Amino acid sequence: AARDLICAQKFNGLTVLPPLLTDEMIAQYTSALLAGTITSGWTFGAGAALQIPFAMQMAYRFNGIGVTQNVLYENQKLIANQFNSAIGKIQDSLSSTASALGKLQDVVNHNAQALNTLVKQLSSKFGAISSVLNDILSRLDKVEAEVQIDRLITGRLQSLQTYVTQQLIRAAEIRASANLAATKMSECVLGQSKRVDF
Amino acid sequence: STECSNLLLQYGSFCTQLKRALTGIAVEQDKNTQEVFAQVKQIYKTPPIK
Amino acid sequence: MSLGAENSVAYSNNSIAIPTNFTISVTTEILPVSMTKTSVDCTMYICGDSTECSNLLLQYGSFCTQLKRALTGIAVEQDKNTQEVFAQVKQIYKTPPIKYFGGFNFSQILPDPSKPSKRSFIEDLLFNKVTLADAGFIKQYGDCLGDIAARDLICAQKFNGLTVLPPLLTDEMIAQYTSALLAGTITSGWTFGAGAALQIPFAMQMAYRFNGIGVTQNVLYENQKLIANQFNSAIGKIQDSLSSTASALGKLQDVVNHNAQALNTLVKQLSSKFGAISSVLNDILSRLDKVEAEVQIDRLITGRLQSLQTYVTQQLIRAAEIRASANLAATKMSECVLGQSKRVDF
Amino acid sequence: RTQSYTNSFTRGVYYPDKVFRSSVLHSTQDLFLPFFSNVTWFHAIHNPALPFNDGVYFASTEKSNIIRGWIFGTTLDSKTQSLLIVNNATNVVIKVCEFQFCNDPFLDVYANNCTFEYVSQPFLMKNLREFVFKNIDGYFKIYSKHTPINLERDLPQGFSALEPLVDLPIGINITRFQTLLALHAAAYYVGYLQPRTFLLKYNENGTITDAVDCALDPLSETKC
Amino acid sequence: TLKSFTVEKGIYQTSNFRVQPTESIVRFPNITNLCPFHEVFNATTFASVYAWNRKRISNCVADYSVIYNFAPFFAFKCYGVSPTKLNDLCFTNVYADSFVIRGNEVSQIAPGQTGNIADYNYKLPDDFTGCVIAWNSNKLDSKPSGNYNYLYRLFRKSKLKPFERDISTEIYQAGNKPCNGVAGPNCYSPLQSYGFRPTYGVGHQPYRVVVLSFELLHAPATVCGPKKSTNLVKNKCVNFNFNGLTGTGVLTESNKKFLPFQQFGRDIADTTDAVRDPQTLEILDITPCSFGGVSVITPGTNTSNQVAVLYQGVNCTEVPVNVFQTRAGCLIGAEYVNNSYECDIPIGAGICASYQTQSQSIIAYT
Ligand SMILES: *[C@@H]1O[C@H](CO)[C@@H](O[C@@H]2O[C@H](CO)[C@@H](O)[C@H](O)[C@H]2NC(C)=O)[C@H](O)[C@H]1NC(C)=O
Ligand SMILES: *[C@@H]1O[C@H](CO)[C@@H](O)[C@H](O)[C@H]1NC(C)=O
Ligand SMILES: *[C@@H]1O[C@H](CO)[C@@H](O)[C@H](O)[C@H]1NC(C)=O
Ligand SMILES: *[C@@H]1O[C@H](CO)[C@@H](O)[C@H](O)[C@H]1NC(C)=O
Ligand SMILES: *[C@@H]1O[C@H](CO)[C@@H](O)[C@H](O)[C@H]1NC(C)=O
Ligand SMILES: *[C@@H]1O[C@H](CO)[C@@H](O)[C@H](O)[C@H]1NC(C)=O
Ligand SMILES: *[C@@H]1O[C@H](CO)[C@@H](O)[C@H](O)[C@H]1NC(C)=O
Ligand SMILES: *[C@@H]1O[C@H](CO)[C@@H](O)[C@H](O)[C@H]1NC(C)=O
């Protein structure tokens with residue numbers, strides 16, 4: 001059919017590397033964390049995993065936030081129904097609305113447009129007579145083609161340095177967000193949080 | 001292009017440090033994923049009673 | 001790659017598992033705080049006492065002033081990071097000469113007056129294992145003038161206009177701050193971080209710590225000797241692990257190595273032509289007339305300015321990362337040492 | 001004459017410039033002899049010419065000092081200018097002429113269009129005499145280094161850098177070359193240079209002690 | 001340095017102190033012969049472009065100002081150097097190539113260019129450092145009956161490498177049938193005459209070309225221009241001139257073991273670390289004279305106009321272009337007291353400064 005943008009990126013020396021952990025490994029880690037949270041509570045994050053019934057674990061969780069544990073044992077079916085209804089509303093909202101995941105889409109879109117700009121910047125002349133090295137090398141003699149090639153080299157090197165600097169700043173922002181995500185993994189899933197709005 | 005490569009060789013080690021910066025970013029991404037997700041030491045599994 | 005060992009906890013709706021014993025574990029966390037302070041002047045690097053190069057460099061505006069301002073801001077920020085992490089106590093507390101704390105051995109972390117720099121045993125291993133690049137914070141111009149053996153990298157850095165500034169707080173003052181925090185921790189508890197230091201016996205302070213984590217304080221008083229022996233064994237294991245394994249301190253070694261490598265790259269970048277006929281400036285002055293040598297000097301000036309700005313931008317990004325790590329270390333100093341934390345994995 | 005084949009054994013390194021460098025790793029792109037190659041062992045008991053192909057590494061392990069002189073050219077029948085390096089016990093005589101001369105047969109110890117007449121000190125002198133000849137930009141450069149050998153088996157293991165001798169700007173279109181003999185036997189190795197990239201190592205005394213050929217194996221490319 | 005008339009309290013990096021040079025040193029080899037440019041530029045007959053002469057100029061002193069008096073040319077068109085700076089610096093060897101071409105082909109004598117002379121008669125390298133001198137020769141190399149002593153080659157199997165010569169004349173063949181020494185069908189002699197006449201146009205006139213090829217300093221210098229030498233002094237920051245290598249620094253004795261073919265020593269930053277003196281065969285270390293940073297420690301101008309100067313990173317027994325020694329350099333103008341206050345102006349490794357009372361003055365402390 002037509003030439004893809006990824007092929008035009010790959011033909012000009014730009015390569016995307018695969019991550020070390022595949023999606024199945026991330027799913028295995030998530031399933032292990034979920035099973036340890038459900039079966040053990042917060043005991044698996046501080047040593048050996050000790051089993052506990054889930055109703056008694058939820059009574060422990062209510063006793064953490066200042067409510068006596070008889071409230072759960074007298075209202076267990078209502079709280080189970082409320083939890084199931086809330087999971088159903090999350091499923092319906094994720095099936096209906098698609099604007100919630102805009103951060104990961106922005107992460108994809110920025111990395112797409114940076115490489116697209118780096119490819120498109122190769123058409124620039126930077127004050128030379130042409131943007132093609134073969135036309136310059138065939139049209140002029142040695143000294144003039146050396147001058148035009150030097151101008152093109154300076155322009156392309158400046159654009160590549162700009163791309164690397166912007167990638168470094170974006171990587172610092174991504175590392176800050178990943179540190180926050182690791183803290184929320186350690187404090188919300190592996191335990192119970194006393195911090196307000198955390 | 002051989003002439004372009006010969007003229008690019010006179011600009012020093014700009015591409016070496018660009019390559020080093022990109023390699024550092026690439027290692028940092030996998031470090032971020034390992035720090036976030038690989039927090040548990042054993043792979044617990046659900047018993048068949050749901 | 002293997003993610004981990006397969007496990008299957010026996011869940012049931014009427015079964016629970018309760019521990020009957022405990023272990024006291026001591027772990028080690030290493031956090032960078034500051035990095036190397038550097039100072040670069042443009043005239044020695046770009047020109048090297050050439051009057052024509054300086055006169056052509058004056059036409060490029062105030063690039064060097066803002067590069068100098070950025071480097072000075074980084075240098076001030078490093079001292080601010082060290083002060084904001086370590087100088088958290090208001091008074092220099094000292095441990096009493098009677099070294100009994102309920103049977104807990106603190107001899108390997110408390111300082112000793114035998115050596116001149118009053119550092120502990122573990123602090124001596126941590127200073128010995130992290131090798132230094134031996135930068136220009138020690139004066140070496142008398143050594144650089146005297147040509148002995150072969151030319152050093154530090155002398156080539158210094159002769160081209162790159163200079164490393166010493167930190168404001170010496171290692172003895174950092175050790176004094178650490179000893180004051182340690183003495184206030186082991187003789188007062190968490191009271192010295194919230195006002196005046198109120199004394200408390202160490203067994204009763206540890207019983208308060210046991211009440212913090214949801215264990216009744218009679219468990220400590222019925223098992224005091226076992227807990228003290230476990231603490232001493234864990235401290236000895238930390239000592240043996242620091243004596244044997246040398247790969248634990250890679251973060252501070254990376255901090256040293258990056259700041260050495262950036263200056264080495266900046267020195268090596270002076271051998272490039274950048275499209276001119278020679279990297280040597282005096283050959284350009286002698287071999288040509290005014291206009292052509294001015295053209296070649298302009299090419300060299302442009303290339304050296306891009307190399308210097310690349311170095312300054314990389315240093316600014318590294319300084320931001322180091323400042324984030326220092327803020328984390330200051331939070332961990334305020335919450336782990338000066339109190340007891342309920343946050344999981346913190 | 002009898003031919004054979006043997007390994008180069010990381011041998012054939014020379015100083016690329018007349019600049020003193022100490023305790024530094026230097027990268028040089030020049031016509032070098034690649035590592036672990038096959039040089040050709042010629043046993044001269046007996047003779048067609050040998051092709052001069054972008055540089056020649058010459059070696060000789062002979063104690064009796066028989067081998068002497070060289071001829072350079074492209075067709076060698078007075079239809080071209082030919083370089084003639086003739087050595088003896090006193091001087092060397094280097095000349096470029098049409099050169100229908102001869103010293104190969106048994107005429108020994110029991111002109112035309114001449115361009116230059118360079119005479120100087122002699123070149124040659126359990127010892128190995130290593131020589132490198134090259135022709136770049138009309139300039140003929142000769143490198144040499146003599147090294148004693150203990151066990152006369154083959155080319156030795158180790159490094160011995162070659163020092164420059166003279167930089168003759170005469171010698172045009174060298175394609176084939178020839179080597180003399182001497183009788184009252186002769187054994188020499190011939191290797192061919194190649195445009196490779198090397199990474200030279202200098203010690204604290206300024207002597208080349210180690211080198212890495214960047215296009216030999218991927219480990220050496222990683223080192224370079 | 002702050003672009004303001006009022007400064008605040010703190011420490012500011014202002015400038016750098018440099019030791020200025022006192023004397024000058026010129027070191028040239030002791031050569032008294034004169035280079036024979038008159039034999040090159042003033043000749044009765046010049047060779048053809050296919051058989052151009054090459055003359056080696058060595059072991060003499062070259063004066064380039066007499067070249068204008070020798071021949072009436074317009075442009076001293078040089079490539080790697082300038083014509084006005086040829087008498088200061090110097091080289092190893094100079095080669096002069098002389099030939100006669102047509103006025104159309106004078107532009108072909110340039111590095112990196114193809115044509116007829118540049119491909120089959122005389123090819124210049126891409127790294128050519130030298131000057132091309134060409135002038136008209138209508139009065140000596142032109143006859144009304146035509147000239148046949150000047151030959152050029154236009155037929156060859158391959159392009160010529162730089163600085164190569166071709167003397168042999170064979171019958172050129174551009175077909176499958178061999179010539180066998182017979183100039184018949186598809187057989188051409190490669191040399192044909194220029195045929196110079198005085199009635200031709202200005203672009204067809206005979207031109208005498210002299211190409212001076214300089215090679216840079218790698219060997220000991222054998223040809224050097226007119227410049228008097230100066231006695232060598234050591235252990236002083238001076239200006240040196242070693243065979244055209246200018247610079248500023250301190251020359252000391254060295255224990256570097258130079259090999260006998262080496263005349264220079266370079267550094268990681270591509271600068272000359274050591275040099276060999278051309279008069280006496282000795283090795284000299286080149287190091288720059290003393291420098292360092294200067295920091296000015298002041299309170300505000302609303303308080304006082306007194307300052308203290310910190311000379312960064314020096315052991316100040318070599319100060320000039322109260323004295324207290326710190327680890328960040330040494331402090332001049334502040335009195336060190338044996339007290340301990342809070343830090344006001346941070347200087348270095350545990351040393352601060354303040355404006356106190358015990359007559360107001362600037363003190364330094366731990
Ligand atoms: C709890 O664990 C400790 C070790 O962590 C046990 O102490 C050991 O007990 C055995 C059995 O007598 C002794 O041989 C060891 O010397 C003890 N080790 C020490 C004191 O460090 C202790 O017995 C355990 N408690 C229970 C109730 O099982
Ligand atoms: C509790 O567990 C047992 C066996 O694990 C099962 O038979 C029983 O149905 C469970 N109780 C309820 C209310 O489902
Ligand atoms: C433990 O404390 C005693 C003092 O009672 C001391 O002698 C000993 O050295 C300490 N242990 C270690 C390993 O330092
Ligand atoms: C060198 O060439 C000879 C000629 O056949 C060959 O036998 C020998 O294996 C070669 N050496 C190598 C490939 O190392
Ligand atoms: C340099 O030369 C000295 C002088 O003999 C010698 O002692 C030293 O070992 C040499 N260094 C080397 C070979 O690395
Ligand atoms: C130049 O001077 C050196 C040492 O002063 C001396 O050995 C040499 O003979 C001199 N050369 C001439 C040509 O005078
Ligand atoms: C060239 O040399 C001849 C012979 O010495 C002389 O007569 C003539 O004047 C010289 N030409 C110039 C311009 O000096
Ligand atoms: C260098 O400084 C130290 C420390 O003040 C001093 O002991 C030494 O004498 C100084 N060196 C000189 C003055 O040459």
# chains A, B, ... in the order shown; residues from 1 in each chain; ligands from 1
call {"tool": "residues_around", "arguments": {"residues": "residue 28 of chain A", "least_positions_apart": "6", "cutoff": "10 Å", "atoms": "only C-alpha atoms", "output": "MDAnalysis selection string"}}
result
(chainID A and resid 34) or (chainID B and resid 37 43:45) or (chainID C and resid 3)
call {"tool": "select_by_dssp", "arguments": {"residues": "segment 87-196 of chain D", "states": "strand (DSSP E or B)", "output": "mmCIF file with N, CA, C and O atoms, in the first residue's frame"}}
result
data_model
loop_
_atom_site.group_PDB
_atom_site.id
_atom_site.type_symbol
_atom_site.label_atom_id
_atom_site.label_comp_id
_atom_site.auth_asym_id
_atom_site.auth_seq_id
_atom_site.Cartn_x
_atom_site.Cartn_y
_atom_site.Cartn_z
ATOM 1 N N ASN D 87 71.551 -1.742 -1.203
ATOM 2 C CA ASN D 87 72.263 -1.570 0.049
ATOM 3 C C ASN D 87 73.598 -2.298 -0.067
ATOM 4 O O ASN D 87 73.747 -3.206 -0.889
ATOM 5 N N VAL D 92 73.690 3.272 1.195
ATOM 6 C CA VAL D 92 72.616 2.803 0.327
ATOM 7 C C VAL D 92 72.603 3.690 -0.909
ATOM 8 O O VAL D 92 73.019 4.852 -0.868
ATOM 9 N N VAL D 93 72.160 3.124 -2.025
ATOM 10 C CA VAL D 93 72.045 3.850 -3.285
ATOM 11 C C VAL D 93 70.598 3.711 -3.735
ATOM 12 O O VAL D 93 70.177 2.637 -4.182
ATOM 13 N N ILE D 94 69.828 4.788 -3.619
ATOM 14 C CA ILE D 94 68.433 4.809 -4.037
ATOM 15 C C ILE D 94 68.318 5.695 -5.268
ATOM 16 O O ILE D 94 68.820 6.825 -5.277
ATOM 17 N N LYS D 95 67.661 5.181 -6.303
ATOM 18 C CA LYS D 95 67.671 5.811 -7.613
ATOM 19 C C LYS D 95 66.377 5.486 -8.342
ATOM 20 O O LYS D 95 65.776 4.436 -8.106
ATOM 21 N N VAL D 96 65.951 6.389 -9.223
ATOM 22 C CA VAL D 96 64.781 6.180 -10.071
ATOM 23 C C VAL D 96 65.208 6.402 -11.516
ATOM 24 O O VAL D 96 65.633 7.506 -11.882
ATOM 25 N N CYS D 97 65.113 5.351 -12.329
ATOM 26 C CA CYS D 97 65.533 5.375 -13.726
ATOM 27 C C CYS D 97 64.621 4.437 -14.510
ATOM 28 O O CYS D 97 63.611 3.945 -13.997
ATOM 29 N N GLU D 117 69.499 11.111 -6.416
ATOM 30 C CA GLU D 117 70.676 10.301 -6.107
ATOM 31 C C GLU D 117 70.899 10.256 -4.598
ATOM 32 O O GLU D 117 71.978 10.573 -4.095
ATOM 33 N N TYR D 118 69.852 9.912 -3.850
ATOM 34 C CA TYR D 118 69.923 9.911 -2.389
ATOM 35 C C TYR D 118 70.817 8.768 -1.919
ATOM 36 O O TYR D 118 70.515 7.594 -2.151
ATOM 37 N N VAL D 119 71.918 9.114 -1.255
ATOM 38 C CA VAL D 119 72.787 8.156 -0.582
ATOM 39 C C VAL D 119 72.861 8.545 0.890
ATOM 40 O O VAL D 119 72.818 9.734 1.228
ATOM 41 N N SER D 120 72.907 7.545 1.764
ATOM 42 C CA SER D 120 72.830 7.790 3.202
ATOM 43 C C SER D 120 73.484 6.623 3.936
ATOM 44 O O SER D 120 74.230 5.838 3.345
ATOM 45 N N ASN D 127 68.009 -12.919 15.219
ATOM 46 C CA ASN D 127 67.554 -11.540 15.116
ATOM 47 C C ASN D 127 66.545 -11.434 13.983
ATOM 48 O O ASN D 127 66.686 -12.093 12.950
ATOM 49 N N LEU D 128 65.526 -10.606 14.186
ATOM 50 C CA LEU D 128 64.462 -10.411 13.213
ATOM 51 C C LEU D 128 64.471 -8.976 12.709
ATOM 52 O O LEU D 128 64.400 -8.034 13.504
ATOM 53 N N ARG D 129 64.546 -8.816 11.389
ATOM 54 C CA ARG D 129 64.636 -7.509 10.742
ATOM 55 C C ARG D 129 63.300 -7.220 10.069
ATOM 56 O O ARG D 129 62.982 -7.794 9.024
ATOM 57 N N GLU D 130 62.522 -6.329 10.672
ATOM 58 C CA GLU D 130 61.163 -6.057 10.232
ATOM 59 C C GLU D 130 61.131 -4.766 9.423
ATOM 60 O O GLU D 130 61.733 -3.767 9.824
ATOM 61 N N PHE D 131 60.442 -4.786 8.285
ATOM 62 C CA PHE D 131 60.412 -3.647 7.378
ATOM 63 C C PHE D 131 58.993 -3.401 6.887
ATOM 64 O O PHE D 131 58.248 -4.349 6.626
ATOM 65 N N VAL D 132 58.631 -2.127 6.743
ATOM 66 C CA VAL D 132 57.337 -1.723 6.200
ATOM 67 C C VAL D 132 57.577 -0.661 5.135
ATOM 68 O O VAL D 132 58.228 0.355 5.401
ATOM 69 N N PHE D 133 57.060 -0.901 3.933
ATOM 70 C CA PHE D 133 57.151 0.035 2.824
ATOM 71 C C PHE D 133 55.750 0.474 2.427
ATOM 72 O O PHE D 133 54.819 -0.334 2.438
ATOM 73 N N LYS D 134 55.600 1.750 2.076
ATOM 74 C CA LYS D 134 54.303 2.272 1.664
ATOM 75 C C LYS D 134 54.504 3.450 0.722
ATOM 76 O O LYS D 134 55.577 4.055 0.672
ATOM 77 N N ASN D 135 53.449 3.767 -0.031
ATOM 78 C CA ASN D 135 53.500 4.795 -1.072
ATOM 79 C C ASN D 135 52.188 5.574 -1.006
ATOM 80 O O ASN D 135 51.184 5.155 -1.589
ATOM 81 N N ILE D 136 52.203 6.708 -0.307
ATOM 82 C CA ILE D 136 51.029 7.557 -0.138
ATOM 83 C C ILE D 136 51.369 8.959 -0.615
ATOM 84 O O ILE D 136 52.350 9.551 -0.147
ATOM 85 N N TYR D 139 54.753 9.763 -1.881
ATOM 86 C CA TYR D 139 55.822 9.729 -0.891
ATOM 87 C C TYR D 139 56.075 8.286 -0.475
ATOM 88 O O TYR D 139 55.139 7.570 -0.105
ATOM 89 N N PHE D 140 57.336 7.870 -0.529
ATOM 90 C CA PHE D 140 57.745 6.523 -0.155
ATOM 91 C C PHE D 140 58.320 6.558 1.255
ATOM 92 O O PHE D 140 59.357 7.187 1.489
ATOM 93 N N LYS D 141 57.649 5.885 2.187
ATOM 94 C CA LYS D 141 58.043 5.865 3.588
ATOM 95 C C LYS D 141 58.498 4.468 3.977
ATOM 96 O O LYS D 141 57.853 3.474 3.631
ATOM 97 N N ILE D 142 59.612 4.397 4.701
ATOM 98 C CA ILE D 142 60.221 3.134 5.103
ATOM 99 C C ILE D 142 60.327 3.117 6.622
ATOM 100 O O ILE D 142 60.906 4.031 7.220
ATOM 101 N N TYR D 143 59.767 2.080 7.240
ATOM 102 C CA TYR D 143 59.849 1.850 8.673
ATOM 103 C C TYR D 143 60.657 0.587 8.932
ATOM 104 O O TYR D 143 60.586 -0.374 8.163
ATOM 105 N N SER D 144 61.428 0.586 10.017
ATOM 106 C CA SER D 144 62.253 -0.573 10.322
ATOM 107 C C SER D 144 62.494 -0.681 11.818
ATOM 108 O O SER D 144 62.485 0.319 12.539
ATOM 109 N N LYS D 145 62.726 -1.916 12.266
ATOM 110 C CA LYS D 145 63.066 -2.219 13.651
ATOM 111 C C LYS D 145 63.663 -3.615 13.704
ATOM 112 O O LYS D 145 63.053 -4.566 13.206
ATOM 113 N N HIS D 146 64.842 -3.741 14.304
ATOM 114 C CA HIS D 146 65.489 -5.035 14.477
ATOM 115 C C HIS D 146 65.270 -5.524 15.903
ATOM 116 O O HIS D 146 65.417 -4.758 16.862
ATOM 117 N N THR D 147 64.884 -6.794 16.037
ATOM 118 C CA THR D 147 64.541 -7.370 17.326
ATOM 119 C C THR D 147 65.168 -8.757 17.418
ATOM 120 O O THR D 147 64.967 -9.583 16.510
ATOM 121 N N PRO D 148 65.932 -9.041 18.471
ATOM 122 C CA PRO D 148 66.490 -10.389 18.627
ATOM 123 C C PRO D 148 65.416 -11.400 18.999
ATOM 124 O O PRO D 148 64.458 -11.086 19.710
ATOM 125 N N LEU D 162 57.799 -0.235 15.199
ATOM 126 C CA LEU D 162 58.768 0.085 14.160
ATOM 127 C C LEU D 162 58.959 1.593 14.078
ATOM 128 O O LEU D 162 57.994 2.355 14.180
ATOM 129 N N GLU D 163 60.206 2.018 13.878
ATOM 130 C CA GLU D 163 60.574 3.424 13.831
ATOM 131 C C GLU D 163 60.818 3.874 12.392
ATOM 132 O O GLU D 163 61.325 3.097 11.577
ATOM 133 N N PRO D 164 60.454 5.110 12.043
ATOM 134 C CA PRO D 164 60.640 5.574 10.662
ATOM 135 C C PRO D 164 62.104 5.799 10.321
ATOM 136 O O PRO D 164 62.933 6.086 11.186
ATOM 137 N N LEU D 165 62.415 5.658 9.031
ATOM 138 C CA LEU D 165 63.770 5.878 8.536
ATOM 139 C C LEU D 165 63.855 7.074 7.598
ATOM 140 O O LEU D 165 64.633 7.996 7.860
ATOM 141 N N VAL D 166 63.075 7.094 6.517
ATOM 142 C CA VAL D 166 63.183 8.148 5.516
ATOM 143 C C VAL D 166 61.843 8.229 4.793
ATOM 144 O O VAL D 166 61.075 7.264 4.775
ATOM 145 N N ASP D 167 61.553 9.395 4.217
ATOM 146 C CA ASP D 167 60.245 9.748 3.667
ATOM 147 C C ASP D 167 60.384 10.291 2.249
ATOM 148 O O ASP D 167 59.952 11.407 1.948
ATOM 149 N N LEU D 168 61.063 9.517 1.392
ATOM 150 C CA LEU D 168 61.330 9.791 -0.020
ATOM 151 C C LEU D 168 60.083 10.237 -0.783
ATOM 152 O O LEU D 168 59.134 9.453 -0.913
ATOM 153 N N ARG D 176 54.662 -3.913 -8.662
ATOM 154 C CA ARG D 176 55.379 -5.155 -8.415
ATOM 155 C C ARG D 176 56.724 -4.842 -7.776
ATOM 156 O O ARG D 176 57.269 -3.751 -7.956
ATOM 157 N N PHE D 177 57.256 -5.801 -7.019
ATOM 158 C CA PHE D 177 58.545 -5.596 -6.375
ATOM 159 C C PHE D 177 59.322 -6.905 -6.322
ATOM 160 O O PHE D 177 58.762 -7.993 -6.474
ATOM 161 N N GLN D 178 60.632 -6.779 -6.118
ATOM 162 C CA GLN D 178 61.590 -7.869 -6.245
ATOM 163 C C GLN D 178 62.621 -7.763 -5.120
ATOM 164 O O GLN D 178 62.880 -6.680 -4.593
ATOM 165 N N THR D 179 63.200 -8.903 -4.734
ATOM 166 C CA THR D 179 64.195 -8.952 -3.672
ATOM 167 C C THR D 179 65.402 -9.750 -4.162
ATOM 168 O O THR D 179 65.238 -10.780 -4.819
ATOM 169 N N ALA D 186 68.247 -18.206 1.852
ATOM 170 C CA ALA D 186 67.513 -17.019 2.263
ATOM 171 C C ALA D 186 66.053 -17.360 2.541
ATOM 172 O O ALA D 186 65.410 -18.079 1.771
ATOM 173 N N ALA D 187 65.534 -16.839 3.650
ATOM 174 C CA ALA D 187 64.145 -17.054 4.039
ATOM 175 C C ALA D 187 63.567 -15.731 4.513
ATOM 176 O O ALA D 187 64.139 -15.086 5.396
ATOM 177 N N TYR D 188 62.438 -15.327 3.932
ATOM 178 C CA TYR D 188 61.812 -14.066 4.294
ATOM 179 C C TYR D 188 60.296 -14.201 4.269
ATOM 180 O O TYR D 188 59.741 -15.014 3.527
ATOM 181 N N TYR D 189 59.639 -13.389 5.093
ATOM 182 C CA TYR D 189 58.186 -13.338 5.185
ATOM 183 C C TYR D 189 57.683 -12.074 4.505
ATOM 184 O O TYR D 189 58.317 -11.019 4.596
ATOM 185 N N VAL D 190 56.548 -12.178 3.819
ATOM 186 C CA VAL D 190 55.949 -11.050 3.112
ATOM 187 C C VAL D 190 54.485 -10.944 3.524
ATOM 188 O O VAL D 190 53.720 -11.902 3.362
ATOM 189 N N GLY D 191 54.095 -9.780 4.053
ATOM 190 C CA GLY D 191 52.721 -9.505 4.405
ATOM 191 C C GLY D 191 52.232 -8.242 3.711
ATOM 192 O O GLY D 191 53.022 -7.443 3.199
ATOM 193 N N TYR D 192 50.912 -8.068 3.701
ATOM 194 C CA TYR D 192 50.275 -6.994 2.947
ATOM 195 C C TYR D 192 49.475 -6.095 3.876
ATOM 196 O O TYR D 192 48.631 -6.575 4.639
ATOM 197 N N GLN D 194 46.823 -2.977 5.041
ATOM 198 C CA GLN D 194 45.394 -2.816 4.839
ATOM 199 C C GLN D 194 44.953 -1.567 5.587
ATOM 200 O O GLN D 194 45.493 -1.284 6.664
ATOM 201 N N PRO D 195 43.999 -0.793 5.050
ATOM 202 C CA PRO D 195 43.541 0.405 5.770
ATOM 203 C C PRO D 195 42.664 0.083 6.970
ATOM 204 O O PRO D 195 41.434 0.114 6.879
ATOM 205 N N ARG D 196 43.292 -0.224 8.100
ATOM 206 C CA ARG D 196 42.600 -0.575 9.329
ATOM 207 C C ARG D 196 42.694 0.565 10.335
ATOM 208 O O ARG D 196 43.419 1.542 10.141
#
call {"tool": "residues_near_ligand", "arguments": {"ligand": "ligand 3", "cutoff": "12 Å", "atoms": "only C-alpha atoms and all ligand atoms", "output": "ChimeraX atom specification"}}
result
/C:98-110,112,120-122,228-229,231-240
call {"tool": "residues_around", "arguments": {"residues": "residue 273 of chain C", "least_positions_apart": "5", "cutoff": "8 Å", "atoms": "only C-alpha atoms", "output": "VMD selection string"}}
result
(chain B and resid 10 to 11) or (chain C and resid 278 to 279 300)
call {"tool": "closest_atom_pairs", "arguments": {"of": "chain E", "to": "chain C", "cutoff": "8 Å", "atoms": "only C-alpha atoms", "output": "CSV"}}
result
residue,atom,partner,partner_atom,distance
E:80,CA,C:287,CA,7.8
E:81,CA,C:287,CA,5.3
E:82,CA,C:288,CA,5.1
E:84,CA,C:289,CA,7.2
E:85,CA,C:287,CA,6.3
E:86,CA,C:287,CA,7.8
E:88,CA,C:286,CA,7.8
E:89,CA,C:286,CA,7.1
E:244,CA,C:286,CA,7.6
E:245,CA,C:283,CA,7.2
E:246,CA,C:282,CA,6.3
E:247,CA,C:282,CA,6.9
E:254,CA,C:147,CA,8.0
E:268,CA,C:268,CA,6.3
E:269,CA,C:271,CA,5.3
E:270,CA,C:271,CA,5.0
E:271,CA,C:280,CA,7.0
E:287,CA,C:145,CA,6.8
E:288,CA,C:159,CA,7.6
E:313,CA,C:139,CA,5.1
E:314,CA,C:139,CA,6.3
E:315,CA,C:139,CA,7.4
E:327,CA,C:138,CA,7.0
E:328,CA,C:166,CA,6.3
E:329,CA,C:139,CA,7.5
E:346,CA,C:168,CA,7.0
E:347,CA,C:168,CA,7.3
E:348,CA,C:168,CA,5.2
E:349,CA,C:168,CA,4.7
E:350,CA,C:168,CA,5.4
E:351,CA,C:168,CA,7.6
call {"tool": "closest_residue", "arguments": {"among": "C:85, C:9, C:203, C:1", "to": "chain B", "atoms": "only C-alpha atoms"}}
result
C:9
call {"tool": "residues_around", "arguments": {"residues": "residue 152 of chain A", "least_positions_apart": "6", "cutoff": "12 Å", "atoms": "only C-alpha atoms", "output": "ChimeraX atom specification"}}
result
/A:121-133,136,145-146,158-159 /B:4,7-8
